[PDB]
Amino acid sequence: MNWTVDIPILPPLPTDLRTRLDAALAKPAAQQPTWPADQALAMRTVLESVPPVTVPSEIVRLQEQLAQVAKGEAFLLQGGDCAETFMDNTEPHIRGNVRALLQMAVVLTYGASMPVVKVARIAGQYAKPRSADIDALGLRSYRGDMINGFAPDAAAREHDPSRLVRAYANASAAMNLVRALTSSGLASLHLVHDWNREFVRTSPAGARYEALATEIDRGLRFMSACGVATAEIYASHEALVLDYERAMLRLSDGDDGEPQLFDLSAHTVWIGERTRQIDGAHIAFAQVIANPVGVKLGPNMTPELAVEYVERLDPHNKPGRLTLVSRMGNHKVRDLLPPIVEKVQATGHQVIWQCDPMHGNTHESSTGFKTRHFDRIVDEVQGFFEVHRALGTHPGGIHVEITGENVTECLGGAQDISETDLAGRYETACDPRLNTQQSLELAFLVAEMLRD
Amino acid sequence: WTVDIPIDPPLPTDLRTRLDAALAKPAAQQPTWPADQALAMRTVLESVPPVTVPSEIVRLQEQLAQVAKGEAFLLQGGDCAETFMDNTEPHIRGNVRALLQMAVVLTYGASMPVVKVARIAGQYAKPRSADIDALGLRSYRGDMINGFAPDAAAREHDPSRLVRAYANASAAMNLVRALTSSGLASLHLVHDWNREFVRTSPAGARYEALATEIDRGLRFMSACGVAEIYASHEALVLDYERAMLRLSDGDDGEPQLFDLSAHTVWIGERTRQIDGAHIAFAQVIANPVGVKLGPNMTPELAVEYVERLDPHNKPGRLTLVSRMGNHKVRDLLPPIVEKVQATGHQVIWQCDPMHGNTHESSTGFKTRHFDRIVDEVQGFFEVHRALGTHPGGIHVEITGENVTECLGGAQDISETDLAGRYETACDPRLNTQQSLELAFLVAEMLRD
Ligand SMILES: N[C@@H](Cc1ccc(O)cc1)C(=O)O
Ligand SMILES: N[C@@H](Cc1ccccc1)C(=O)O
Ligand SMILES: N[C@@H](Cc1ccccc1)C(=O)O
Ligand SMILES: [Cl-]
Ligand SMILES: [Cl-]
Ligand SMILES: [Cl-]
Ligand SMILES: [Mn+2]
Ligand SMILES: [Mn+2]
């Protein structure tokens, strides 16, 4: 049961982009998939002619909005599934993740009293890194459906290069739908916030959030009363699989009218903690592409390394071109983040300081499932805000993993999801996502932090 | 040469009973693949993100209702036969562009809004009059069914092309959306290409006036202080259109069935049996639908389409597409217009000046004579002016490439030129210049 694509039988790069790109891919790359270099090459030839998932004008537009975030004048909300599955690439799932992001954005916008840039982990998040190459059941590790199968069989965990095309096909389908949803009635702010006032009515913790959901309702009605009457959701994934990102590269006149290389698998991509080798091919790939890029910074980050990233990835001091995504865990952020900020801020580069309160607070549960505690996530964002407020720098955004489904993958929250509940609805293919109820809860709380 | 791509919430029972009964009618021109495999691929397509959403169809239904009511013009165009291997960024990009160029021109001459409908994101299947072609092979019936390659294997009907077709359709509709919401939207840009057309083109002097007159309205627009492209294909492979059915509510309040593989679909000359499955399928879906009408159309039968496909007198919901041939449109059409108008139904009279003017070229290729296309639209207008009806739109076959599939126009493509760039996998298309030329000419027909 399978379909079949023909292998073809694009214009040459200017010599410098040819060289820098070939130079960049020559360098070592962690966590890449093992599969025949000639099969991967067949895939990349398919992917080199397909209609792009994004287009350059949209990436330039995001670069401009992200510059406003960098400069303290807007706020970045990045969210979505931890790992996208070809299995769940369905309208109800996409719609509920779009809805979830749009809801959090209204709340965050009112809290920040400034615009929120919405970026979804969607339309390409089909690949993850693995600390160990053999998993709990002695099997080859699952690396995301761009690589192998979540199914726990020896045959499913084989790295299949055809999943490159299967990943693009799913990606541009989900993107088509995202485009359609965000230009439909789903985007209307008044519609989107009624979903939030529903949440307050039906939630156990409605009381904690009702005053604010009502303040927002009055802000929206205030708009209408003044004579006002859409949405932009950008695509992002971790750029982990260089074969994929290579194929999706397209050449176009850029911010300066000279030809640049845009990675059109998404609008923005981030290198993760296990792949940010400073002299590696990931970081060097990031130096050839025009896209906004981000870098995960965990607890072993030094102010001086952080600065080297800033000087390599933001060579031209383009505010908002580089995002630095902090994930230290709550007990470490207040101590570790300030020195990094002070030294980076001192260079004169305007980075976006994005908080990631998820990948620093995971812990195996007493049930066998890997989970995260709501109260620890809150604490790190809070701690992240405390540190930026102390320094006078901009808390530029968050980076959360969520679904529009009432899964039970994270503890606590309004539902006091306990360790014996994490088995009732553990849908995720990788890390524990906050269900929709905990998504909005956090958005409300982060909105409170944004206020004064 | 190829690679295998692996694979791995029902509708209400009262709508399936209705639907299963409608689809029990006889369907022409259908694939001959095993129903169990078809059923597997359908179950796949039953769960994928839709190519369109109901709010866009309800929205199109609103815009088309104004075409019927006389206050807007329908521009429908694109490739004759989409192929998976030409479904590329440049090709999509130049068909979007060409279609935007024609719409600016037509909007000015019509002095009213122009709905833009592309043949794209699903136009992967054609009927065939003979199931053995001139190579003595099973005929090519579109990439949704089999392969353009001459050989027994390629020509076998492959139901996994249902999925490959949807994939190509999504990827292309995702790009059209990106394109229409970026710089390509901008009129002053789209028309600056129209003025490259006039600079380069040989007939430049024939169109320099109107091109300048428009550039001045655009500057006037700007001085005074001051895009949607819909998708459509012929609904042919019914395993596809029915797997792409989704349930939501529209202009009613009750939940309707939409076919979310496109925004509007039409039923071809060879599938419109009043009691066949295709007409019965259009009955059931909420999408705007069109029906092709050739020379052997009784004024009586046009009316039975109107009663069967516009049962609730919704203007624009039904379009009737003239495809008579220039030599026949002026005489064969008027009685059809009359008989339908007198029924109290508002429909879109749309002109297809191509699918009935295809003449074999002395050099082997099937082609079309520019002067005969232009002349059928012209005669199509002369009818409607004479009858006081609304010339509702054109349905046209174009590409953004400089192919040489049609005869005449600016470049004066001749019997021997057809071999230069005959790139269509089916009918011959007006190249970029001829699409624009025709656009200017139809603007003058619309002129006050
Ligand atoms: N896709 C090519 C690079 C490339 C990109 C765009 C081009 O126009 C040309 C070449 C690679 O992976 O090496
Ligand atoms: N059009 C090519 C490549 C493609 C694959 C998947 C989706 C879109 C395009 C094919 O069908 O083989
Ligand atoms: N998600 C399914 C269906 C699908 C096919 C092709 C494109 C998009 C979705 C798959 O991976 O096959
Ligand atoms: Cl662009
Ligand atoms: Cl038949
Ligand atoms: Cl084919
Ligand atoms: Mn994760
Ligand atoms: Mn045709």
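Parameters at a glance
- Residues numbered from 1 in each chain as written, not as in the entry; some residues may be left out.
- Chains lettered and ligands numbered in written order.
- Part of a larger assembly, values for the part shown.
- Heavy atoms only, no water.
- Residues with missing side-chain atoms left out of burial classes, pairs and counts.
- UniProt positions renumbered as here; feature names shortened; annotations may be inferred.
- Helix = DSSP H or I, 4+ residues; strand = E, 2+ residues; numbered from the N terminus.
- Rg over C-alpha atoms; globule rule 2.2 N^0.38 Å.
- Pairing = 2+ DSSP bridges.
- Axes fitted to C-alpha atoms, helices over the stretch in contact; angles between N-to-C directions.
- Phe/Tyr/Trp six-rings, centres within 6.5 Å; stacked < 30°, edge-to-face > 60°.
- Buried < 20%, exposed > 50% of the residue type's maximum accessible area, 1.4 Å probe, protein only.
- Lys NZ or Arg CZ within 6 Å of the ring centre and 35° of its normal.
- Contact = heavy atoms within 4.5 Å.
- Polar contact = N/O pair within 3.5 Å; in protein donor to acceptor, adjacent residues only side chain to side chain.
- Arc of directions from axis to C-beta.
- Near = heavy atom within 4 Å.
- Areas by Shrake-Rupley, 256 points an atom, 1.4 Å probe, with all protein chains shown as cover.
- Nonpolar A, V, L, I, M, F, W, Y, C, P; charged D, E, K, R; others polar.
- Donors = N, O, S within 2.8 Å, 3.2 Å for Na, K, Ca; no water.
- Core = buried A, V, L, I, M, F, W, Y, C linked by side-chain atoms within 4.5 Å.
- Right-handed = clockwise from strand over helix to strand, strands pointing away.

If you check the PDB entry, chain B appears there as Phospho-2-dehydro-3-deoxyheptonate aldolase AroG from Mycobacterium tuberculosis. The PDB lists this entry under the title "Non-covalent complex of DAHP synthase and chorismate mutase from Mycobacterium tuberculosis with bound transition state analog and feedback effectors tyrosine and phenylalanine". In UniProt, chain B has this text filed under Catalytic activity: "D-erythrose 4-phosphate + phosphoenolpyruvate + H2O = 7-phospho-2-dehydro-3-deoxy-D-arabino-heptonate + phosphate".

In the annotation of the PDB entry, chain A is listed under the name Phospho-2-dehydro-3-deoxyheptonate aldolase AroG and assigned to Mycobacterium tuberculosis. Check the Catalytic activity section of the UniProt entry for chain A; it says "D-erythrose 4-phosphate + phosphoenolpyruvate + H2O = 7-phospho-2-dehydro-3-deoxy-D-arabino-heptonate + phosphate". Its UniProt record, at the heading Sequence similarities, says of chain A: "Belongs to the class-II DAHP synthase family."

(A) Quick peek at the overall build of chain A. Looking only at helices and strands, chain A has 13 helices and 13 strands in total. Taken against the 2.2 N^0.38 rule, which gives 22 Å for 452 residues, the C-alpha radius of gyration of chain A at 21 Å falls within 12% of a compact globule. If you line up chain A on its principal axes, its C-alpha atoms span 60 × 50 × 45 Å.

(B) Molecular detail of the sheet that holds strand β9 (residues 318–322) of chain B. Residues and elements named next belong to chain B. Here we have 8 strands rolled up into a closed barrel, ordered β2-β3-β4-β7-β8-β9-β10-β13, and parallel in their pairing. If you compare each strand with its neighbour and ignore which way they point, the axes differ by 25° on average. Direction of pairing for strand β4 (residues 230–234) relative to strand β7 (residues 264–267): parallel, over a ladder of 3 bridges. Following the sheet pairing, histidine 233 is matched in β7 by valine 265.

(C) Local environment of the packing of aromatic side chains. Tallied over the entire structure, the rule returns 15 aromatic pairs over all chains. Note on B:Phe197 and B:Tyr207: the rings are 5.9 Å apart at their centroids and 35° apart in plane angle, and the pair reads as tilted. In this pair, B:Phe197 sits in helix α7 (residues 187–200) while B:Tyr207 sits in helix α8 (residues 204–223), placing the two residues 10 residues apart along the sequence. Looking at B:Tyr207, the relative accessible area reads 5%, which means it is buried. Its guanidinium or amino end placed over the ring of A:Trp195, A:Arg99 lies 4.6 Å from that ring's centre, counting from NZ or CZ.

(D) Expanded view of the UniProt feature "binding site: Mn(2+)" in chain B. Residue and element names in this part refer to chain B. Following the UniProt record, one finds the feature "binding site: Mn(2+)" at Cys80, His355, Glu397 and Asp427. With respect to the secondary-structure elements, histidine 355 resides in the loop between β10 (348–351) and β11 (358–360). Taking relative accessible area as the criterion, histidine 355 reaches 23% and is therefore assigned partly exposed. With near-sequence residues (within four places) excluded, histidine 355 lies in contact with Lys292, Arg323, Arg368, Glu397 and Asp427. Reaching out from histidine 355, the side chain makes a polar contact with the side chain of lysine 292 at a distance of 3.5 Å. Examined against the element boundaries, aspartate 427 turns out to sit in the loop between β13 (393–397) and α15 (432–446). Beyond its immediate sequence surroundings of up to four residues, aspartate 427 is in contact with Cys80, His355, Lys366, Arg368, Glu397 and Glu405.

(E) Local environment of helix α13 (residues 334–341) of chain B. Residue and element names in this part refer to chain B. All of the buried residues in α13 are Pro334, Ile336, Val337 and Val340. On an axial view of α13, the arc spanned by its buried residues comes to 165°, and they lie on one face. The elements touched by buried residues of α13 are α11 (299–309), β9, α12 (326–332), β10 and α14 (370–387).

(F) Quick peek at the site of ligand 1. Residues and elements named next belong to chain A. Taken together, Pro11, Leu13, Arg18, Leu21, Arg44, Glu48, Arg246 and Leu249 form the complete shell of residues around ligand 1. Between ligand 1 and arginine 18, the relevant distance is 3.2 Å, taken from an oxygen atom to a side-chain nitrogen or oxygen of the residue. Note that an oxygen atom of ligand 1 is positioned 2.6 Å from one of the side-chain N or O atoms of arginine 246. Burial of ligand 1 by the protein amounts to 93% of the accessible area it has alone, namely 340 Å². Split by residue class, the shell around ligand 1 holds 4 nonpolar, no polar and 4 charged.

(G) Spotlight on the site of ligand 3. Lining the immediate surroundings of ligand 3 are A:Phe86, A:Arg166, A:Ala169, A:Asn170, B:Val48 and B:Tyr166. One nitrogen or oxygen atom from the main chain of A:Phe86 is found 2.7 Å from a nitrogen atom belonging to ligand 3. A:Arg166 is positioned with one of its side-chain polar atoms (N or O) 3.2 Å from an oxygen atom of ligand 3. In the complex, 91% of the free accessible area of ligand 3, which totals 310 Å², lies under the protein chains. If one sorts the elements of the shell around ligand 3 by residue count, helix α5 (residues 163–182) of chain A sits on top with 3 residues. In terms of residue class, the shell around ligand 3 is built from 4 nonpolar, 1 polar and 1 charged.

(H) Layout of the coordination of the manganese ion (ligand 8). Here the manganese ion (ligand 8) is held by the protein donor atoms B:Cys80 (SG), B:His355 (NE2), B:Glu397 (OE) and B:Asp427 (OD), which lie 1.9 to 2.8 Å from it. For B:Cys80, a relative accessible area of 7% corresponds to the buried category.

(I) The interface of chain B and chain A, seen in detail. In this assembly, 37 residues from chain B lie in contact with 36 residues from chain A. Counting only elements with at least two residues in the side of chain B that touches chain A, the list comes to β1 (2–6), α2 (35–45), α3 (54–68), α4 (89–110) and α6 (161–180) of chain B. Here the element with the most residues in the side of chain B that touches chain A is α6(B); it accounts for 11 residues. Its residues assigned to classes, the side of chain B that touches chain A comprises 20 nonpolar, 10 polar and 7 charged.

(J) Structural context of the UniProt feature "binding site: Mn(2+)" in chain A. Residues and elements named next belong to chain A. Mapped onto the present numbering, the UniProt feature "binding site: Mn(2+)" falls at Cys82, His359, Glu401 and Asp431. Structurally, the position occupied by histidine 359 is in the loop between β10 (352–355) and β11 (363–364). On the basis of relative accessible area, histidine 359 is assigned to the partly exposed category, the value being 23%. Residue contacts for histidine 359: discarding those within four places in its chain leaves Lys296, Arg327, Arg372, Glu401 and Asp431. Among the structural elements, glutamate 401 can be located in the loop between β13 (397–399) and α13 (436–450). Within the local environment of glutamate 401, its side chain forms a polar contact with the side chain of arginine 121, the two groups lying 2.8 Å apart.

(K) Local environment of the nonpolar core. In terms of nonpolar packing, the biggest core is built from 246 residues, with A:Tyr244, B:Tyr240 and B:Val442 touching the most fellow members. Those residues in contact with A:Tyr244 that sit more than four places away from it in its chain are A:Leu47, A:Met146, A:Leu164, A:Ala167, A:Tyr168, A:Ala171, A:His237 and A:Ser265.

(L) Spatial organisation of the environment of B:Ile336. Tracing the backbone through its elements, the reader meets B:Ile336 in helix α13. Between the alpha carbons of B:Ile336 and B:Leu301 there is a distance of 8.9 Å; along the sequence they are 35 residues apart.

(M) The arrangement of unusual backbone geometry in detail. If you check the backbone angles, A:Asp416 has positive phi at about 35° while not being a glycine. Structurally, A:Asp416 can be placed in the loop between β13 and α13. On the basis of relative accessibility, which here comes to 60%, the residue A:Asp416 falls in the exposed class. Backbone geometry at B:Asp412 places phi at a positive 60°, although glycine is not the residue there. Mapped onto the secondary structure, B:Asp412 falls in the loop between β13 and α15. With relative accessibility at 55%, the residue B:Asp412 sits in the exposed group.

(N) Expanded view of the pairing of β9(B). Residues and elements named next belong to chain B. Here β9 lies mainly inside the structure; 5 of its 5 residues are buried. Viewed along the sheet, the connection from strand β8 (residues 289–293) through α11 into β9 turns out right-handed. Taken together, the 4 bridges between β9 and β10 define a ladder with parallel strand orientation. Along β10, the bridge assignment pairs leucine 320 with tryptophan 349.

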